[PDB]
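K.L.:
Here the protein sequences come in this chain order: A and B.
So the first sequence is numbered by the numbering used here: it starts at 9 and just counts up by one.
So the second sequence is numbered by the numbering used here: it starts at 214 and just counts up by one.
Ideal Cβ placement from N, Cα and C applies to all residues, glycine included.
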Amino acid sequence: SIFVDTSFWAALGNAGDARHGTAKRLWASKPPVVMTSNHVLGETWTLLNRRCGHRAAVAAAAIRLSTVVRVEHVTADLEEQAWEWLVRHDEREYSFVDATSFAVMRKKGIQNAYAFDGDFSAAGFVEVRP
Amino acid sequence: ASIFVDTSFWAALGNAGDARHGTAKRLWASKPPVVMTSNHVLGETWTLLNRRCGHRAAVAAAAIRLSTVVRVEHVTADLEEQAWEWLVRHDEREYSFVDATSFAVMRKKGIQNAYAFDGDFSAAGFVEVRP
Numbered sequence: 009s010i011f012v013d014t015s016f017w018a019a020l021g022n023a024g025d026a027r028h029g030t031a032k033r034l035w036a037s038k039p040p041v042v043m044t045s046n047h048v049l050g051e052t053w054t055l056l057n058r059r060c061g062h063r064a065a066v067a068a069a070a071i072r073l074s075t076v077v078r079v080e081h082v083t084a085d086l087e088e089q090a091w092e093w094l095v096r097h098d099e100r101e102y103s104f105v106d107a108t109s110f111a112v113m114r115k116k117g118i119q120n121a122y123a124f125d126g127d128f129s130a131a132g133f134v135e136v137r138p
Numbered sequence: 214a215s216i217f218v219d220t221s222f223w224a225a226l227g228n229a230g231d232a233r234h235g236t237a238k239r240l241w242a243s244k245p246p247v248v249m250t251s252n253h254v255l256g257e258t259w260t261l262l263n264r265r266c267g268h269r270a271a272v273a274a275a276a277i278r279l280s281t282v283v284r285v286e287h288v289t290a291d292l293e294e295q296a297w298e299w300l301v302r303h304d305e306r307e308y309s310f311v312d313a314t315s316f317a318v319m320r321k322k323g324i325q326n327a328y329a330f331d332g333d334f335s336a337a338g339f340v341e342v343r344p
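1. Roughly how many angstroms separate the alpha carbons of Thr-220(B) and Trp-35(A), rounded to a whole number?
2. Just to confirm, are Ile-216(B) and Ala-313(B) a CB contact at a threshold of 8 Å?
3. Are the beta-carbon atoms of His-268(B) and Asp-98(A) separated by less than 8 Å?
4. Would you mind telling me which residues of chain A sit closer than 9 Å to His-287(B), beta carbon to beta carbon, in chain order?
5. Report yes if the C-beta distance between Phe-310(B) and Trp-91(A) is below 8 Å; otherwise report no.
6. Mind reading off the beta-carbon distance from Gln-89(A) to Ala-111(A)? Whole number of angstroms is fine, and I expect it under 8 Å.
7. Please confirm whether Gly-21(A) has its beta-carbon closer than 8 Å to some beta-carbon of chain B.
8. Do the segment 41–52 of chain A and the segment 12–27 of chain A touch if we need at least three Cβ pairs shorter than 8 Å?
9. Determine the chain A residues that contact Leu-240(B) at a beta-carbon separation under 7 Å, and present them in chain order.
10. Taking the straight line between their C-alpha atoms, what separation do you get for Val-272(B) and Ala-290(B)?
11. I want to verify the contact list: residues of chain A whose CB lies under 8 Å from the CB of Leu-262(B), in sequence order.
12. Is any beta-carbon of chain B found at less than 8 Å from that of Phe-104(A)?
13. May I have the straight-line CA-CA distance separating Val-76(A) from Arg-239(B), to the nearest angstrom?
14. Return the bridge partner residues of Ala-327(B) from the DSSP annotation.
15. Quick one: residues in its chain with C-beta nearer than 6 Å to the C-beta of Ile-324(B), no 5 flanking neighbours on either side, listed in chain order?
16. Just to confirm my understanding: we take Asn-22(A), look at its own chain, exclude 5 residues before and 5 after, and list those with CB closer than 8 Å. What are they?
17. Taking only runs that begin and end inside the segment 238–263 of chain B, name each unbroken beta strand (DSSP E) of 3 or more residues, in chain order.
18. Are the C-beta atoms of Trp-223(B) and some chain A residue less than 8 Å apart?
19. Would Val-254(B) and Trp-223(B) qualify as a contact pair, given that the criterion is a beta-carbon distance under 8 Å?
20. Please classify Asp-25(A) as buried or exposed, where buried requires at least 16 neighbouring CB atoms within 10 angstroms.
21. In chain B, which residues lie less than 8 Å from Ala-69(A) when you measure between Cβ atoms?
22. Near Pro-138(A), what residues of its chain come up, given a Cβ to Cβ distance below 7 Å and the 5 sequence neighbours on each side ignored?
23. Among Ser-45(A), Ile-71(A), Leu-94(A), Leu-20(A), which one has its Cα closest to the Cα of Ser-109(A)?
24. If you reduce the DSSP assignment to three classes, tell me which class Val-282(B) lands in.
25. Between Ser-243(B) and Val-342(B), what straight-line distance do the alpha-carbon atoms span, to the nearest angstrom?
26. Let me confirm a value: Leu-226(B) is counted as buried when at least 16 other C-beta atoms fall within 10 Å, else exposed. Which label applies?
27. Considering only the alpha carbon of each residue, which of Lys-321(B), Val-301(B), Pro-245(B), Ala-336(B) lies closest to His-287(B)?
28. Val-66(A) lies in the alpha helix (DSSP H); which residues open and close that run?
This is the structure in C-alpha cells:
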C-alpha cells in the first residue's frame, strides 16, 4: 500500500536531515503494508555512509532484515521496463533507481509513496504528506 | 583475460568532456575479449551521465545492456546478501553499495582486473587497469 524511497529512508535515518521530523510523523502513521526495493536500500546505504558514517549506514542495511518492511528484489524484467521508460522520458531528469521504483509501484499497483522532493509526484505517484 | 567495468570508467568513456575520456578510450582499445559489468553499475552510470551531460549521453549507457559483446551480470539476491554482509563488516573505508556488489561479482567470476578509476577497487584488493 506504500512504497518507500531513498529520500525518505535518508530523512528517517538522519536526525540532522531537514525532513527528519516529517519522516518520523509519517512513519508513525504508516499503513500495515510497507514496501521498498533492493536498489533503494543500496542507494540509502551509500547516502547515509557518506553523510553520517558506517554505523548509521548499517541501520539502513538492517532494513533488509525487517519482518515488517517488504524488500522487493527488482527483477531483470522490471529493470528492462525501467530502462525503456527512462529512454522515453526525456522531459525530466530521472535516476535509474527512481525508474525501477516507479516500475515496482506500477507492477504492485501502489500509488502512495513515502518520498520527498518531487520525482515521484512528477511520474504520477503521490508523495504522502501529514 | 577478463575485466569488470566500473561506473567510473563508463562515465569517462561516455563523456567526451570527462578529464579521463582520452585515457578511457585508450584503455577501451586495448581491452581483453571478455568484458563484464553489472546491472547496478549500468544503473549508476545512467544516473551519473544523465546528471552531468543529459538524456542523450545517458541513453548511450542504457544501450550497453543491449550489447552482444559486453556481458551484463544481473546481481542475484544471494550475491547482494553477500555484498551487504561485506559492507557491514568492512568499516575500515567508505564503500558504496554498488562497489560492494561489484566486488562480489568479481569474486564470483574470478575476475581480478577492473576498468575503474579513483582507487576503491585497488583498496579492495583488485587491479585497476592503467594505460
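P.N.:
With the given structure in hand:
1. Indexing the second sequence from 1 puts residue 220(B) at position 7. Indexing the first sequence from 1 puts residue 35(A) at position 27. For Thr-220(B) and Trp-35(A), the distance between alpha carbons rounds to 34 Å.
2. Position 3 of the second sequence holds residue 216(B). Position 100 of the second sequence holds residue 313(B). The answer is no: Cβ separation not under 8 Å.
3. Counting from one through the second sequence, the residue named residue 268(B) turns up at place 55. Counting from one through the first sequence, the residue named residue 98(A) turns up at place 90. Result yes, Cβ atoms of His-268(B) and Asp-98(A) sit closer than 8 Å.
4. Reading the second sequence from its first residue, position 74 is the one you call residue 287(B). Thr-83, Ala-84, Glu-87, listed in chain order.
5. In the second sequence, residue 310(B) corresponds to position 97, counting from 1. In the first sequence, residue 91(A) corresponds to position 83, counting from 1. Taking 8 Å as the Cβ cut-off, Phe-310(B) and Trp-91(A) do not qualify as a contacting pair.
6. For this step, residue 89(A) is matched to residue 81 along the first sequence. For this step, residue 111(A) is matched to residue 103 along the first sequence. Going by Cβ atoms, the distance from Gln-89(A) to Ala-111(A) rounds to 5 Å, so yes, they are a contact pair.
7. Indexing the first sequence from 1 puts residue 21(A) at position 13. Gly-21(A) does not count as touching chain B.
8. yes
9. Counting from one through the second sequence, the residue named residue 240(B) turns up at place 27. Per Cβ cutoff of 7 Å: no residues; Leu-240(B) is ~24 Å from chain A at best.
10. Here residue 272(B) corresponds to residue number 59 of the second sequence, with the count starting at 1. Here residue 290(B) corresponds to residue number 77 of the second sequence, with the count starting at 1. Using only the alpha carbons, I get a separation of about 27 Å.
11. Taking the first residue of the second sequence as 1, we reach residue 262(B) at position 49. Residues of chain A passing the Cβ test: none, with the nearest at roughly 10 Å.
12. Within the first sequence, the letter at position 96 stands for residue 104(A). Chain B contact via Cβ: present.
13. Looking up residue 76(A) in the first sequence gives position 68. Looking up residue 239(B) in the second sequence gives position 26. Distance between the alpha carbons of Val-76(A) and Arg-239(B) is about 50 Å.
14. Residue numbering aside, residue 327(B) sits at position 114 when the second sequence is read from its first letter. Its beta-bridge partners are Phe-217(B), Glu-341(B).
15. The residue you call residue 324(B) lines up with position 111 of the second sequence. Result list for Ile-324(B): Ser-215, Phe-217, in chain order.
16. Reading the first sequence from its first residue, position 14 is the one you call residue 22(A). Counting only Cβ-Cβ distances below 8 Å, and skipping sequence neighbours, we find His-28, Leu-56, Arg-59, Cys-60, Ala-64.
17. 247–251
18. Along the second sequence, one-based indexing puts residue 223(B) at 10. With 8 Å as the cut-off, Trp-223(B) does not count as an interface residue toward chain A.
19. As a first step, residue 254(B) is located in the second sequence; it is residue number 41 there, counting from the start. As a first step, residue 223(B) is located in the second sequence; it is residue number 10 there, counting from the start. Cβ distance < 8 Å, so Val-254(B) and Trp-223(B) count as in contact.
20. Stepping through the first sequence from its first residue, residue 25(A) is reached at position 17. Burial call: buried.
21. Residue 69(A) sits at position 61 when you count from the first residue of the first sequence. Ordered by position in chain B, the residues that pass the 8 Å Cβ test against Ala-69(A) are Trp-297, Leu-300, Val-301.
22. Stepping through the first sequence from its first residue, residue 138(A) is reached at position 130. For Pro-138(A), where only same-chain residues beyond five positions count, the Cβ hits under 7 Å are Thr-30, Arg-33, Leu-34.
23. One-based indexing of the first sequence puts residue 109(A) at position 101. Ranking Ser-45(A), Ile-71(A), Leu-94(A), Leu-20(A) by Cα distance to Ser-109(A) puts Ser-45(A) first.
24. Here the question's residue 282(B) lines up with position 69 in the second sequence. Looking at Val-282(B) - three-state DSSP - the assignment turns out to be coil, as it is neither helix nor strand.
25. Here residue 243(B) is taken as the residue at index 30 of the second sequence, counted from 1. Here residue 342(B) is taken as the residue at index 129 of the second sequence, counted from 1. Roughly 11 Å between the two C-alpha positions.
26. Reading the second sequence from its first residue, position 13 is the one you call residue 226(B). Here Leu-226(B) is buried, its C-beta having at least 16 other C-beta atoms within 10 Å.
27. To locate residue 287(B), count along the second sequence from 1; it is residue 74. Comparing Cα positions, the closest option is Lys-321(B).
28. Residue numbering aside, residue 66(A) sits at position 58 when the first sequence is read from its first letter. Counting along the chain, the alpha helix (DSSP H) containing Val-66(A) begins and ends at 62–70.
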